[PDB]
>>> print(open('structure_16.txt').read())   # compact mmCIF, N, CA and C atoms
# COMPACT_ATOMS: atom_id res chain seq x y z
N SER A 1 80.31 346.36 69.29
CA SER A 1 81.63 345.86 68.91
C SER A 1 82.26 345.06 70.05
N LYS A 2 83.25 344.24 69.71
CA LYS A 2 83.94 343.43 70.70
C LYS A 2 85.35 343.09 70.25
N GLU A 3 86.28 343.06 71.20
CA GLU A 3 87.68 342.76 70.89
C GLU A 3 88.20 341.65 71.80
N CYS A 4 88.52 340.50 71.21
CA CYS A 4 89.03 339.37 71.97
C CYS A 4 90.21 338.72 71.24
N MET A 5 90.68 337.60 71.78
CA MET A 5 91.80 336.88 71.18
C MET A 5 91.38 335.48 70.75
N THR A 6 92.20 334.85 69.91
CA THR A 6 91.91 333.51 69.42
C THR A 6 92.65 332.46 70.24
N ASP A 7 92.42 331.19 69.91
CA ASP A 7 93.07 330.09 70.61
C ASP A 7 94.57 330.09 70.36
N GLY A 8 95.33 329.58 71.33
CA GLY A 8 96.77 329.54 71.20
C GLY A 8 97.47 330.58 72.06
N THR A 9 96.72 331.60 72.46
CA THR A 9 97.27 332.67 73.29
C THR A 9 97.01 332.41 74.77
N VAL A 10 98.08 332.36 75.55
CA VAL A 10 97.97 332.12 76.98
C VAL A 10 96.99 333.09 77.63
N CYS A 11 96.20 332.58 78.56
CA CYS A 11 95.21 333.40 79.26
C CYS A 11 95.18 333.07 80.75
N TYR A 12 94.74 334.04 81.55
CA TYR A 12 94.67 333.85 83.00
C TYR A 12 93.28 334.23 83.52
N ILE A 13 92.67 333.30 84.25
CA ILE A 13 91.34 333.54 84.81
C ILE A 13 91.37 334.68 85.82
N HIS A 14 92.54 334.95 86.38
CA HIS A 14 92.70 336.02 87.36
C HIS A 14 93.50 337.18 86.77
N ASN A 15 93.36 337.39 85.46
CA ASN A 15 94.07 338.46 84.78
C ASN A 15 93.10 339.31 83.95
N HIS A 16 91.82 339.23 84.28
CA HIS A 16 90.79 339.99 83.57
C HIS A 16 90.90 339.77 82.07
N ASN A 17 91.37 338.59 81.68
CA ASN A 17 91.52 338.25 80.27
C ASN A 17 90.20 337.75 79.69
N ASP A 18 89.74 338.41 78.63
CA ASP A 18 88.49 338.03 77.98
C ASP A 18 88.76 337.42 76.61
N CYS A 19 88.56 336.11 76.51
CA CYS A 19 88.79 335.39 75.26
C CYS A 19 87.47 334.86 74.70
N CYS A 20 87.24 335.10 73.41
CA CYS A 20 86.03 334.64 72.75
C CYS A 20 85.81 333.15 72.99
N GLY A 21 86.91 332.42 73.17
CA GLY A 21 86.81 330.99 73.41
C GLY A 21 86.98 330.63 74.87
N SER A 22 86.82 329.35 75.18
CA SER A 22 86.95 328.87 76.56
C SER A 22 88.35 328.32 76.81
N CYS A 23 88.93 328.69 77.94
CA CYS A 23 90.27 328.23 78.30
C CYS A 23 90.26 326.75 78.64
N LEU A 24 91.17 326.00 78.02
CA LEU A 24 91.26 324.56 78.26
C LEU A 24 92.60 324.20 78.91
N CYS A 25 92.54 323.69 80.13
CA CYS A 25 93.74 323.31 80.86
C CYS A 25 94.13 321.87 80.55
N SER A 26 95.39 321.67 80.18
CA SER A 26 95.89 320.34 79.85
C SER A 26 96.48 319.66 81.08
N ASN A 27 96.00 318.45 81.37
CA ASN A 27 96.49 317.70 82.52
C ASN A 27 97.42 316.57 82.08
N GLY A 28 98.07 316.76 80.94
CA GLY A 28 98.98 315.75 80.43
C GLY A 28 100.01 315.33 81.46
N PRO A 29 100.80 314.30 81.11
CA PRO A 29 101.84 313.77 82.00
C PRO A 29 103.01 314.74 82.17
N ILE A 30 103.54 314.80 83.38
CA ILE A 30 104.67 315.69 83.67
C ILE A 30 105.90 314.89 84.08
N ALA A 31 106.82 314.70 83.14
CA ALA A 31 108.05 313.96 83.41
C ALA A 31 109.24 314.90 83.51
N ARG A 32 109.17 316.03 82.82
CA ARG A 32 110.24 317.01 82.83
C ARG A 32 109.69 318.43 82.87
N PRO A 33 109.17 318.83 84.05
CA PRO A 33 108.59 320.16 84.25
C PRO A 33 109.65 321.26 84.23
N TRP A 34 110.91 320.85 84.36
CA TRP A 34 112.02 321.80 84.36
C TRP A 34 112.19 322.45 82.99
N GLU A 35 111.84 321.70 81.95
CA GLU A 35 111.96 322.21 80.58
C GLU A 35 110.58 322.41 79.96
N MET A 36 109.67 321.48 80.25
CA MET A 36 108.31 321.56 79.72
C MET A 36 107.28 321.37 80.83
N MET A 37 106.80 322.49 81.38
CA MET A 37 105.81 322.45 82.45
C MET A 37 104.40 322.37 81.88
N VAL A 38 103.79 321.19 81.98
CA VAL A 38 102.44 320.98 81.47
C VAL A 38 101.40 321.32 82.53
N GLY A 39 101.28 322.60 82.85
CA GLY A 39 100.32 323.03 83.85
C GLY A 39 99.77 324.42 83.57
N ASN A 40 99.68 324.76 82.28
CA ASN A 40 99.17 326.07 81.88
C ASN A 40 97.88 325.92 81.07
N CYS A 41 97.09 326.99 81.03
CA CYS A 41 95.83 326.98 80.30
C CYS A 41 95.82 328.07 79.22
N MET A 42 95.36 327.71 78.03
CA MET A 42 95.30 328.65 76.92
C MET A 42 93.89 328.74 76.36
N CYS A 43 93.65 329.74 75.52
CA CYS A 43 92.33 329.94 74.92
C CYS A 43 92.04 328.86 73.88
N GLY A 44 90.77 328.47 73.78
CA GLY A 44 90.39 327.45 72.82
C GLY A 44 88.94 327.57 72.40
N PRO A 45 88.57 326.87 71.31
CA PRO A 45 87.21 326.89 70.78
C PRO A 45 86.22 326.17 71.70
N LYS A 46 85.03 326.75 71.85
CA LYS A 46 84.00 326.16 72.69
C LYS A 46 83.28 325.03 71.97
N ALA A 47 82.95 323.97 72.70
CA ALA A 47 82.26 322.83 72.12
C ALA A 47 80.76 322.90 72.40
>>> encode(input="structure_16.txt", output="structure tokens")
Amino acid sequence: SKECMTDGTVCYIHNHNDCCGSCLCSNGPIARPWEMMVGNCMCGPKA
């Protein structure tokens, strides 16, 4: 048996978080990090 999470749920490589999918970090443009910080990684489907 195995218990993991799906894409869309925040994950941390240094948080012993095990996600069935691979974490994808977005390097999008950062114009307003005060309200929208584009520097987080979440779980996603493997290609």
>>> residues_around(input="structure_16.txt", residues="residue A:27", least_positions_apart="3", cutoff="10 Å", atoms="only C-alpha atoms", output="ChimeraX atom specification")
/A:24,30,38-41
>>> closest_residue(input="structure_16.txt", among="A:36, A:25, A:42, A:31", to="residue A:8", atoms="only C-alpha atoms")
A:42
>>> atom_distance(input="structure_16.txt", atom1="atom N of residue A:29", atom2="atom N of residue A:14")
22.9 Å
>>> atom_distance(input="structure_16.txt", atom1="atom C of residue A:12", atom2="atom CA of residue A:28")
19.6 Å
>>> atom_distance(input="structure_16.txt", atom1="atom N of residue A:11", atom2="atom CA of residue A:32")
21.4 Å
>>> axis_aligned_box(input="structure_16.txt", around="stretch 13-30 of chain A", padding_each_side="8 Å", output="lines of an AutoDock Vina configuration file")
center_x = 95.9
center_y = 326.9
center_z = 80.1
size_x = 36.1
size_y = 42.2
size_z = 30.6
>>> residues_around(input="structure_16.txt", residues="residue A:19", least_positions_apart="2", cutoff="6 Å", atoms="only C-alpha atoms", output="JSON, numbers by chain")
{"A": [4, 5, 21]}
>>> build_atoms(input="structure_16.txt", residues="stretch 20-39 of chain A", atoms="N, CA, C and O atoms", output="PDB file, in the coordinates of the input")
ATOM      1  N   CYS A  20      87.240 335.100  73.410  1.00  0.00           N
ATOM      2  CA  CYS A  20      86.030 334.640  72.750  1.00  0.00           C
ATOM      3  C   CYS A  20      85.810 333.150  72.990  1.00  0.00           C
ATOM      4  O   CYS A  20      84.675 332.670  73.009  1.00  0.00           O
ATOM      5  N   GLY A  21      86.910 332.420  73.170  1.00  0.00           N
ATOM      6  CA  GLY A  21      86.810 330.990  73.410  1.00  0.00           C
ATOM      7  C   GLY A  21      86.980 330.630  74.870  1.00  0.00           C
ATOM      8  O   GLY A  21      87.254 331.492  75.700  1.00  0.00           O
ATOM      9  N   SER A  22      86.820 329.350  75.180  1.00  0.00           N
ATOM     10  CA  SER A  22      86.950 328.870  76.560  1.00  0.00           C
ATOM     11  C   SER A  22      88.350 328.320  76.810  1.00  0.00           C
ATOM     12  O   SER A  22      88.886 327.564  75.995  1.00  0.00           O
ATOM     13  N   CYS A  23      88.930 328.690  77.940  1.00  0.00           N
ATOM     14  CA  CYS A  23      90.270 328.230  78.300  1.00  0.00           C
ATOM     15  C   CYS A  23      90.260 326.750  78.640  1.00  0.00           C
ATOM     16  O   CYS A  23      89.447 326.285  79.444  1.00  0.00           O
ATOM     17  N   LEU A  24      91.170 326.000  78.020  1.00  0.00           N
ATOM     18  CA  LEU A  24      91.260 324.560  78.260  1.00  0.00           C
ATOM     19  C   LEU A  24      92.600 324.200  78.910  1.00  0.00           C
ATOM     20  O   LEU A  24      93.659 324.388  78.311  1.00  0.00           O
ATOM     21  N   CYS A  25      92.540 323.690  80.130  1.00  0.00           N
ATOM     22  CA  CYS A  25      93.740 323.310  80.860  1.00  0.00           C
ATOM     23  C   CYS A  25      94.130 321.870  80.550  1.00  0.00           C
ATOM     24  O   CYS A  25      93.303 320.956  80.631  1.00  0.00           O
ATOM     25  N   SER A  26      95.390 321.670  80.180  1.00  0.00           N
ATOM     26  CA  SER A  26      95.890 320.340  79.850  1.00  0.00           C
ATOM     27  C   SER A  26      96.480 319.660  81.080  1.00  0.00           C
ATOM     28  O   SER A  26      97.355 320.213  81.748  1.00  0.00           O
ATOM     29  N   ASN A  27      96.000 318.450  81.370  1.00  0.00           N
ATOM     30  CA  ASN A  27      96.490 317.700  82.520  1.00  0.00           C
ATOM     31  C   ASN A  27      97.420 316.570  82.080  1.00  0.00           C
ATOM     32  O   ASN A  27      97.535 315.549  82.757  1.00  0.00           O
ATOM     33  N   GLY A  28      98.070 316.760  80.940  1.00  0.00           N
ATOM     34  CA  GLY A  28      98.980 315.750  80.430  1.00  0.00           C
ATOM     35  C   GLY A  28     100.010 315.330  81.460  1.00  0.00           C
ATOM     36  O   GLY A  28     100.107 315.896  82.542  1.00  0.00           O
ATOM     37  N   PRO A  29     100.800 314.300  81.110  1.00  0.00           N
ATOM     38  CA  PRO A  29     101.840 313.770  82.000  1.00  0.00           C
ATOM     39  C   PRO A  29     103.010 314.740  82.170  1.00  0.00           C
ATOM     40  O   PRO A  29     103.408 315.405  81.217  1.00  0.00           O
ATOM     41  N   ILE A  30     103.540 314.800  83.380  1.00  0.00           N
ATOM     42  CA  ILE A  30     104.670 315.690  83.670  1.00  0.00           C
ATOM     43  C   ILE A  30     105.900 314.890  84.080  1.00  0.00           C
ATOM     44  O   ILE A  30     106.018 314.460  85.230  1.00  0.00           O
ATOM     45  N   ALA A  31     106.820 314.700  83.140  1.00  0.00           N
ATOM     46  CA  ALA A  31     108.050 313.960  83.410  1.00  0.00           C
ATOM     47  C   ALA A  31     109.240 314.900  83.510  1.00  0.00           C
ATOM     48  O   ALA A  31     110.214 314.610  84.212  1.00  0.00           O
ATOM     49  N   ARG A  32     109.170 316.030  82.820  1.00  0.00           N
ATOM     50  CA  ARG A  32     110.240 317.010  82.830  1.00  0.00           C
ATOM     51  C   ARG A  32     109.690 318.430  82.870  1.00  0.00           C
ATOM     52  O   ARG A  32     109.711 319.166  81.885  1.00  0.00           O
ATOM     53  N   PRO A  33     109.170 318.830  84.050  1.00  0.00           N
ATOM     54  CA  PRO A  33     108.590 320.160  84.250  1.00  0.00           C
ATOM     55  C   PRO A  33     109.650 321.260  84.230  1.00  0.00           C
ATOM     56  O   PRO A  33     109.336 322.438  84.111  1.00  0.00           O
ATOM     57  N   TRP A  34     110.910 320.850  84.360  1.00  0.00           N
ATOM     58  CA  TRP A  34     112.020 321.800  84.360  1.00  0.00           C
ATOM     59  C   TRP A  34     112.190 322.450  82.990  1.00  0.00           C
ATOM     60  O   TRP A  34     112.618 323.597  82.888  1.00  0.00           O
ATOM     61  N   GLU A  35     111.840 321.700  81.950  1.00  0.00           N
ATOM     62  CA  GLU A  35     111.960 322.210  80.580  1.00  0.00           C
ATOM     63  C   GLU A  35     110.580 322.410  79.960  1.00  0.00           C
ATOM     64  O   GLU A  35     110.346 323.373  79.236  1.00  0.00           O
ATOM     65  N   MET A  36     109.670 321.480  80.250  1.00  0.00           N
ATOM     66  CA  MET A  36     108.310 321.560  79.720  1.00  0.00           C
ATOM     67  C   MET A  36     107.280 321.370  80.830  1.00  0.00           C
ATOM     68  O   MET A  36     106.929 320.248  81.185  1.00  0.00           O
ATOM     69  N   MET A  37     106.800 322.490  81.380  1.00  0.00           N
ATOM     70  CA  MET A  37     105.810 322.450  82.450  1.00  0.00           C
ATOM     71  C   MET A  37     104.400 322.370  81.880  1.00  0.00           C
ATOM     72  O   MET A  37     103.868 323.351  81.367  1.00  0.00           O
ATOM     73  N   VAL A  38     103.790 321.190  81.980  1.00  0.00           N
ATOM     74  CA  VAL A  38     102.440 320.980  81.470  1.00  0.00           C
ATOM     75  C   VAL A  38     101.400 321.320  82.530  1.00  0.00           C
ATOM     76  O   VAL A  38     100.717 320.433  83.052  1.00  0.00           O
ATOM     77  N   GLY A  39     101.280 322.600  82.850  1.00  0.00           N
ATOM     78  CA  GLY A  39     100.320 323.030  83.850  1.00  0.00           C
ATOM     79  C   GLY A  39      99.770 324.420  83.570  1.00  0.00           C
ATOM     80  O   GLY A  39      99.443 325.164  84.486  1.00  0.00           O
TER      81      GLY A  39
END
